[PDB]
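Quick setup: one chain, the form deposited in one PDB entry, written in structure tokens, and binding and motion questions come after.
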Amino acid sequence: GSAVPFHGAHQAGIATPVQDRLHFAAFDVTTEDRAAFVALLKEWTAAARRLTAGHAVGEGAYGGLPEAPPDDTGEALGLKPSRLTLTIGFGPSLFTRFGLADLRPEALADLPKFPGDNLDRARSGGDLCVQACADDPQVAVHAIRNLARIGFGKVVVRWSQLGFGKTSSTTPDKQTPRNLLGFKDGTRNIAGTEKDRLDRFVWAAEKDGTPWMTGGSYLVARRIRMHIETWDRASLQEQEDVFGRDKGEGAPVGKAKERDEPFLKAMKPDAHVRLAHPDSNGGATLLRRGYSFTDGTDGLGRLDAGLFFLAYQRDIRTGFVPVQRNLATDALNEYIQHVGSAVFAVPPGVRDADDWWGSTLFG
């Protein structure tokens, strides 16, 4: 497939097929003027319609008046749409502007402090996010660079993260990706095909309390560093006991195949799968949509690598919070550290050509 439709009851980039690459950006708002911000949301929506179809923004990247800057910065000319999706979300800090304080959803809860948190304030929070997913990373970067340019004077970029999953040209669609610890990652997840499970666990409903959010969802982002060089010194048995699945096949202990249902009593009590499973958490179930990262090496020569964890849910209080609380004693905690965090309310979809991002909130 080459393009993903932009219009719908829901924003694309949640339940639509998982693309190979991510560019995730958090923005802070610099204007106090509600009218100026609405004008920007309409201009951004018009740009997103062009970008997700493989077209340049505005009048184009070349062929305009020579004495004017081009409307599009030009680095995606000649590339394909690449399944680009652009998903916008609103942080709790936006609701302190524009008279919105009584329209913050109760489901957009502030996260508690969790044991072992080491959060960098500069790579946490944000008034707004745009999640750009595509199979070509230059298509994703071009989208973020041009939205930031259109918004200059009204928004600034607070923090940015590049990520990667599978490379689809060489890797079959059905094959579970491996994370940078070398384990299969995504076996037991909500799939975009499971319409009733998305209604139960992912999409906000009208009766949940906040009518503007009907058909939206709630996003938790966590930048999780892995202690790669410590993990690589652990024995094979220590690594498998941390998860409760074997490394080669990814089967649950005492089973033969990856997709065999787990028997939780055969795993160690503090194994990651046993603690995270819905049966250990009162039925709490998440849509995981995260990406691996490798940013470089730190000052000590260690690899700056890990998982940029993204979870979508109907209510932060009944999805991420109870599951992450249950990981207080996870055997995996020896090898990871949460170093960035943010939460966002992801509004409903853009219904047609005349609609715009945030129209249910702003009017």
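Between two forms, the rigid core is the largest collection of C-alphas that superpose within 1.5 Å. Sequential numbering from 1, following the sequence displayed. Shifts are known only where both forms have a C-alpha.
Not on display, but discussed next: the form deposited in another entry.
With the two forms fitted on their core, the C-alpha shifts between the shown form and the other one stay under 2 Å for all of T193, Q237, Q175, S169 except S169. Pairwise change in that other deposited form: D173 and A132 C-alpha atoms lie farther apart than in the shown form, at least 3 Å. A shift of at least 3 angstroms brings the Cα atoms of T187 and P172 nearer to each other in that other deposited form than in the displayed structure.
Taking residues common to both forms and aligning the rigid core, Cα displacements of 2 Å or more over three or more consecutive positions between the shown form and the other one occur only in 164 to 173.
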